[PDB]
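Notes to accompany the following structure.
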Amino acid sequence: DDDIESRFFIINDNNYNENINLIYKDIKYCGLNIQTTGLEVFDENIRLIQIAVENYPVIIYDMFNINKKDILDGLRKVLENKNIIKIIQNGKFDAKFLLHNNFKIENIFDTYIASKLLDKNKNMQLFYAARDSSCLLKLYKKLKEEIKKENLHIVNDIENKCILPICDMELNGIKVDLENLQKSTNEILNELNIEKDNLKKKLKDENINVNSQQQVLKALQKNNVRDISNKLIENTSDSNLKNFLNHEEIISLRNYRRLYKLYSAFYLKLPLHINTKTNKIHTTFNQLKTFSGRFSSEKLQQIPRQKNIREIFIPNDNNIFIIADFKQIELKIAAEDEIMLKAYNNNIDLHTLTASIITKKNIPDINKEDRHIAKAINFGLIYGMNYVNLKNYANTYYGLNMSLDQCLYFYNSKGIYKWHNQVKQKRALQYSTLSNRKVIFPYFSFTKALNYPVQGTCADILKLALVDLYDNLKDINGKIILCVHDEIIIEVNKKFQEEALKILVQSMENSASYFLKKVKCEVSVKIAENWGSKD
DNA sequence: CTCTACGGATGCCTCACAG
DNA sequence: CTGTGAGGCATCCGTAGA
């Protein structure tokens, strides 16, 4: 009860008709799907291969009943032909299987990524193999209206060109040094036992459960732990613990807790998710499961940035990491405010600027603490917080001893004013980025309206940089390793180091050039043998 | 508007057991 | 012969802890 091609040819050793390859002559695109025996590319086999050519029954290669390599020759040609688009559903899975089975492939259109982009993160056997192979032709036709027709053109085309870089990143993985891992685990464990012993001595109770909040609270009350104001401790929250630093017990307790979360929540949890036959971890990246459109990962961005932890990630033998970052990509995206644009054009830092406005100092007299405070003020107020919320956010995440009257002065102290007033007045629910990626709110939130275009444009820029990088790296067999925040990490042989550095820089600069017309980005790049070298 | 893990705390649910 | 405290886990839940 539809118009999806449901007839098919079946290819085996007994009926192989060479003339079938004449269907491949002068085609531009075709729907491609496969059927496998399971989910693990290393443990499973390809049961079927489906190729749907327009107006023809699907050519189905029965791989469990094919043993002459010649039968797949014309197939390999289609796969190798850089001028034939392969339309696929779940392109990573099929490409993974084809690569593991020594098939080369290039030019892919994954209809699932495009459909997920039509959704804008709103979250609203042979006959089957034939209809699923041939439906791709019509998805290709319609989803490619939703290329050039839509202005969602830009993002749909770029994510679609980004399909291959994402497969590259997940398939290359990143190698883990288990030595330093278990080592640091034993270290933090010995520090934890030192904490436990020295604190149960400090708690005047050797049998108290240091992991039981009630027992620790009772011991502290018994120990009569009081602050400078002689007030007995009432709760064990770290914020309250900050008020009792005059006692060595709060010292040791906060220490043991920090080391405990570090050890159990990380040193003890991390080994539970690793691959073995390759000693590589292959995490799962979600493309469109965040509100902004940034990448997410599961089973890398929640990994601590401290060099103590990031030193565990190393390149393969004879290779080296190349790490690149955008310098303040979000704020430049926001600028793209007259004062702000002129400052950016004079290469004046936005946080130094805000520090000079709050403190009334001149830019040469602004110190790092001034810039840190200005950073917190900028991220809090630019994204729509009020001074009460600002005080709490600042003290919580930046550890600042500001007063309510101060944050209120900060709040009260032309482009940004106009844009904020426009957002307040319109109270709109639909917003878009410079790629014209779009979102519709369930209700109006000033702060989410301010936050969405910046992060979504950052996502667009990084993804286009990954697309250019993936195309530019083939010549030197470059490997895409990682993308976090506004930074990318690649792994390359050491002899192409500086060349890949330029490729990476030009991959990111051209991407920035596609979106920013009034401001120039800055790329910080380093050559490293570990991920901790950047820090 | 949360989420996650974690132990401690509830909270019934059910089975061997001694009267 | 048969209700029953006990135990015996089995999860659910609070709050950190983000």
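Rule-based calculations on the coordinates, nothing more; no lab input. All Cβ positions, even for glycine, are placed from backbone atoms using ideal geometry, and neighbour counts span all protein chains on display.
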Original post:
Roughly speaking, what % of Cα-Cα pairs in the stretch A:331-437 are separated by over 22 Å, rounded to a whole number?
Top reply: 36
Subject >> Alpha-carbon Rg with Dmax, taken over the stretch A:155-247, Å >> reply: 23.7, 66
**OP:** Determine the dipole magnitude for the stretch A:12-148: charges of +1 sit on the beta-carbon of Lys and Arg, -1 on that of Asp and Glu, nothing else is charged, the reference point is the Cα centre, and the result goes in debye to the nearest 20.
**Re:** 600
**OP:** Using the Karplus curve 6.51 cos²θ - 1.76 cosθ + 1.60 with θ = phi - 60°, work out ³J(HN,Hα) for each residue of the stretch A:428-434 in order, rounded to whole Hz, and write x for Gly and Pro.
**Re:** 6, 10, 9, 10, 9, 9, 5
Subject >> Relative contact order computed over the stretch A:54-118 (Cα-Cα under 8 Å; 6+ residues apart), in percent >> reply: 32
**OP:** Run down the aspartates and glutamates and flag those whose C-alpha is under 18 Å from the C-alpha of A:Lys307, throwing out any fewer than 8 positions away in its chain.
**Re:** A:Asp177, A:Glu179, A:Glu187, A:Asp325, A:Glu487, A:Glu529, A:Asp535
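Among A:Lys391/A:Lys448; A:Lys474/A:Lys534; A:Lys149/A:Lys479; A:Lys277/A:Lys495; A:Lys261/A:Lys534, which pairs are too far apart, with a Cα-Cα distance over 22 Å? Can you show the working numbers first?
Numbers: A:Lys391/A:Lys448 19 Å; A:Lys474/A:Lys534 25 Å; A:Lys149/A:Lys479 33 Å; A:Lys277/A:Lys495 28 Å; A:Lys261/A:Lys534 25 Å.
In this structure, A:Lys474/A:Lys534; A:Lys149/A:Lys479; A:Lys277/A:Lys495; A:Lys261/A:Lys534 lie more than 22 Å apart at Cα.
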**OP:** Using the 2.2 N^0.38 Å rule of thumb for compact globular proteins, work out how chain A stacks up: its C-alpha Rg over that value, please.
**Re:** 1.19
Subject >> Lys/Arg +1, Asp/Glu -1 at C-beta; the stretch A:477-535 dipole; positive extreme among A:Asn530, A:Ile503, A:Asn493 >> reply: A:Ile503
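Per the Cauchy relation, a quarter of the hull surface: what is the mean projected area of the convex hull of the alpha carbons in the stretch A:170-212, in nm²? Before the final figure, lay out the partial values.
Values: hull surface 18.6 nm².
Mean orientational projected area (the stretch A:170-212, Cα hull): 4.7 nm².
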**OP:** Give a residue-ordered list of calculated ³J(HN,Hα) values for the stretch A:440-453 (Karplus: 6.51 cos²θ - 1.76 cosθ + 1.60, θ = phi - 60°; whole Hz; x for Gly, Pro).
**Re:** 10, 6, x, 7, 7, 10, 4, 5, 6, 5, 6, 7, 4, x
**OP:** Give me the percent of DSSP beta bridges within the stretch A:1-93 that run antiparallel, rounded to the nearest 5.
**Re:** 55
**OP:** Starting from 0 in steps of 10 Å, tell me what percent of the Cα-Cα pairs of the stretch A:354-414 lands in each bin.
**Re:** 23, 60, 17, 0
Subject >> Check: the stretch A:274-387 dipole with +1 on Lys, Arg Cβ and -1 on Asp, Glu Cβ, in debye >> reply: 380
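If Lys and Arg each add +1 and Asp and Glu each add -1, what is the summed charge of the other residues whose beta carbon sits under 14 Å from the beta carbon of A:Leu178?
Details: positive: A:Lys175, A:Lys183, A:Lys280; negative: A:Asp177, A:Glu179, A:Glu311.
Overall, the nearby charge balance is 0.
What number, in percent, do you get for the relative contact order of the stretch A:16-110 if the mean sequence gap of Cα pairs under 8 Å and at least 6 apart is divided by its residue count?
Relative contact order comes out at 28 percent.
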**OP:** Can you tell me the relative contact order of the stretch A:356-410? Whole percent, Cα pairs under 8 Å, sequence separation 6 or more.
**Re:** 30
Original post:
For the stretch A:210-331, what D do you get in µm² per second when you plug the Kirkwood radius from alpha-carbon pairs into Stokes-Einstein at 4 °C and 1.567 mPa s?
Top reply: 69
**OP:** Using only Cα atoms, figure out Rg for the stretch A:414-517 and give it as a multiple of 2.2 N^0.38 Å.
**Re:** 1.39
Original post:
Extent of the stretch A:1-100 along each principal axis, from alpha carbon coordinates, in Å, largest to smallest?
Top reply: 35, 33, 30
**OP:** Name the residues whose placed amide hydrogens come within less than 5 Å of the amide hydrogen of A:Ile10, ignoring near sequence neighbours (fewer than 5 apart) on the same chain.
**Re:** A:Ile60
**OP:** Could you go through the stretch A:154-166 in sequence order and give the Karplus-derived ³J(HN,Hα) for each residue, using 6.51 cos²θ - 1.76 cosθ + 1.60 with θ = phi - 60°, rounded to whole Hz, and x for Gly and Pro?
**Re:** 4, 5, 4, 4, 6, 3, 5, 6, 7, 4, 5, x, 5
Subject >> Hits among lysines - C-alpha to C-alpha of A:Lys204 under 16 Å, sequence gap 8 or more where chains match >> reply: A:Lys196, A:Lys218, A:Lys222
Original post:
Among A:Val492, A:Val505, which comes first, second and so on when ranked by fewest other beta-carbon atoms within 10 Å?
Top reply: A:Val505, A:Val492
Original post:
Given a Förster distance of 45 angstrom, what is the FRET efficiency for A:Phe441 paired with A:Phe127, based on the Cβ-Cβ distance and rounded to 0.05?
Top reply: 0.55
